[PDB]
Amino acid sequence: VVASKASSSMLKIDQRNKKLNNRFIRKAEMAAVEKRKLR
Amino acid sequence: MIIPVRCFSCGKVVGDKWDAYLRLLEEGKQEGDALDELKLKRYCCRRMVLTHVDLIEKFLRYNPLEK
Amino acid sequence: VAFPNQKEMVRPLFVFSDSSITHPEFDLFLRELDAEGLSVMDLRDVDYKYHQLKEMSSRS
Amino acid sequence: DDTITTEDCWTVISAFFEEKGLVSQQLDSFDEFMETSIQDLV
Amino acid sequence: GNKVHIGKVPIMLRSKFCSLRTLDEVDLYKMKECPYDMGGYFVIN
Amino acid sequence: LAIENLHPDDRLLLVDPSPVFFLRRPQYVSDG
Amino acid sequence: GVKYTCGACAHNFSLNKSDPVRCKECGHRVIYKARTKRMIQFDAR
Ligand SMILES: [Zn+2]
Ligand SMILES: [Zn+2]
């Protein structure tokens, strides 16, 4: 394929952002559900 | 298709900051911090770089019609 | 192909040059033909070659 | 074990769309028609 | 008695009998086909 | 090291002069 | 008399309104006309 530099950078950014989202959103949801439970 | 030259709302030139924005995002900076480092204060300008989709990288993958 | 003075040669197409044959070149070719004892193509044969090329180039 | 959050539901939905796709029913029906239906009609 | 030709059946794109089921991502560009195209339709005339 | 490796009391010293579930980080390839 | 371009190998050639519509070197059935030699001007607006 020989992808361009911009496309490779975008792929790396996408992988990092996917990992960060999968971590942070799940953590925030877990934090919220326990508070909603104890109320 | 490709990053617009001027911001639609006010008219600031944002067409020269796409490569710098991608370089900053490559280094792990967050999108808000990257936009702040480029001195994009007004959110009208921030939406131009934040919501741009780069389609020319898909058009360029087709074999050129001439040679 | 073959030079008159020299011997037979098998050559690829790209060796020939698009530039026109100069007067000294044709003179040397004539001198080599005279040395070997050969003649030049007849004007009737020249016209036949010209017509052949024109037919071939404009053919469909 | 551990609880299942909304993000896990979206992971499962992503798996669904990775396997099936959005027009899987058209292609599956046509593949069924070509593979076996023509022979049985004959 | 052998394989007699009875007709021509239109082929649904990206189905099992389509030429684009194979060809990976790179060759899909050489054939001037959009990788985002999903198939599921016929081409008549 | 990162902010996590910082001591909790030293983290308390980092006062602005938490993530929210509905602010995603933008992507470009999506999935499917 | 008028140039043409093949649809696959992008090879320039010409036709005389009597040759079959075909690329001379790869035999493709689809060819395109070449751009005009006139001046093209735009208002940049
Ligand atoms: Zn602006
Ligand atoms: Zn061709």
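Located above this text is the structure these notes cover.
Residues numbered from 1 in each chain as written, not as in the entry; some residues may be left out. Chains lettered and ligands numbered in written order. Part of a larger assembly, values for the part shown. Heavy atoms only, no water.

Chemist: Could you give an account of the nonpolar core, naming the residues involved and the relevant values?
Modeler: Counting 19 residues, the largest nonpolar core has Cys-7, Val-14, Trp-18, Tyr-21, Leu-22, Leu-40 and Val-49 of chain B as the members making the most contacts within it. Once residues within four sequence positions are removed from consideration, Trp-18 of chain B is found in contact with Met-10 of chain A together with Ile-3, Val-49, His-52 and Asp-54 of chain B. By size, the runner-up hydrophobic cluster in this structure holds 6 residues, among which are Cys-6, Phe-13, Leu-15 and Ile-31 of chain G. (Core = buried A, V, L, I, M, F, W, Y, C linked by side-chain atoms within 4.5 Å. Buried < 20%, exposed > 50% of the residue type's maximum accessible area, 1.4 Å probe, protein only. Contact = heavy atoms within 4.5 Å.)

Chemist: Can you break down the pattern of salt bridges residue by residue, with the values?
Modeler: One pass over the full model with this rule turns up 7 salt bridges over all chains. We note a salt bridge from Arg-21 of chain E to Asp-31 of chain D, for which the minimum N-O separation is 4.0 Å. Within this pair, whereas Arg-21 of chain E is found in the segment before α1 (26-30), its partner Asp-31 of chain D is found in helix α2 (residues 24-41), the two belonging to separate chains. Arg-21 of chain E gets classed as partly exposed once you look at its relative accessible area, which sits at 44%. Taking relative accessible area as the criterion, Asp-31 of chain D reaches 10% and is therefore assigned buried. For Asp-19 of chain G, the salt bridge identified is with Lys-24 of chain G, shortest N-O distance 3.8 Å. (Salt bridge = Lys/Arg side-chain N within 4 Å of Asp/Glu carboxyl O. Helix = DSSP H or I, 4+ residues; strand = E, 2+ residues; numbered from the N terminus.)

Chemist: Outline the packing of aromatic side chains, supporting the account with residue identities and numerical values.
Modeler: Per the counting criterion, the structure on display carries 7 aromatic pairs over all chains. Ring geometry for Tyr-62 of chain B versus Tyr-29 of chain E: centroids 5.1 Å apart, planes at 80 degrees, classification edge-to-face. Taken together, the residues span two chains, with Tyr-62 of chain B in the segment after α4 (56-59) and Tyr-29 of chain E in helix α1. A residue is classified by how much of its surface remains accessible, and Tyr-62 of chain B, at 25% relative accessible area, is partly exposed. An angle of 70 degrees between the planes, with centres 5.7 Å apart, marks the rings of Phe-30 of chain D and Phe-42 of chain E as edge-to-face. (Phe/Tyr/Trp six-rings, centres within 6.5 Å; stacked < 30°, edge-to-face > 60°.)

Chemist: How would you summarise a negative patch on the surface if you had to cite specific residues and measurements?
Modeler: A surface patch of like charges, here negative, comprises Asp-28, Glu-32, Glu-35 and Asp-40 of chain D. Mapped onto the elements, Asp-28 of chain D comes out in helix α2. (Patch = residues over 30% accessible without salt bridge, like charges linked within 9 Å, V, L, I, M, F, W, Y side chains within 5 Å. Areas by Shrake-Rupley, 256 points an atom, 1.4 Å probe, with all protein chains shown as cover. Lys, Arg positive; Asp, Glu negative; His and termini not counted. Charge placed at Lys NZ, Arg CZ, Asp CG, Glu CD.)

Chemist: I'd like to hear about the pairing of strand β2 (residues 12-15) of chain G, residue by residue, with values.
Modeler: Residue and element names in this part refer to chain G. Burial along β2 is one-sided: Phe-13 and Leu-15 are buried, while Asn-12 and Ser-14, pointing the other way, are not. Relative to β2, strand β1 (residues 2-6) runs antiparallel, the two sharing 4 bridges. From the neighbouring strand, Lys-3 faces β2, where its bridge partner is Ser-14. What sits between the antiparallel neighbours β1 and β2 is a turn of 5 residues, in which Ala-10 has the positive phi angle 55 degrees. (Pairing = 2+ DSSP bridges.)

Chemist: Hey, could you go over α2 of chain D for me, with residue numbers and the actual values?
Modeler: Residues and elements named next belong to chain D. Over its 18 residues, α2 extends 24 Å from the first C-alpha to the last, a length consistent with the 26 Å expected when each residue adds 1.5 Å. Of all the bends in α2, the greatest measures close to 40 degrees and is centred on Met-34. Within the span of α2, buried status applies to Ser-24, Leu-27, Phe-30, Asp-31 and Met-34. (Expected span 1.5 Å × (residues − 1). Bend = angle between axes of the 7 residues up to and from the residue.)

Chemist: Summarise the coordination of the zinc ion (ligand 2); cite the residues concerned and give the values.
Modeler: Residue and element names in this part refer to chain G. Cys-6 (SG), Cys-9 (SG), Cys-23 (SG) and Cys-26 (SG) make up the full set of protein donors to the zinc ion (ligand 2), lying at 2.3 Å. Coordination at the zinc ion (ligand 2) is tetrahedral: its 4 donor atoms span angles of 103 to 111 degrees at the metal. The motif formed by the donor residues of the zinc ion (ligand 2), counted along the single chain, is C-x2-C-x13-C-x2-C. What makes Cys-23 buried here is its relative accessible area of 3%. Exposure remark for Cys-26: the relative accessible area of 40% places this residue in the partly exposed category. (Donors = N, O, S within 2.8 Å, 3.2 Å for Na, K, Ca; no water. Tetrahedral: all angles 85-135°; square planar, octahedral: opposite > 155°, others 65-115°.)

This is a description of form; function is not addressed.
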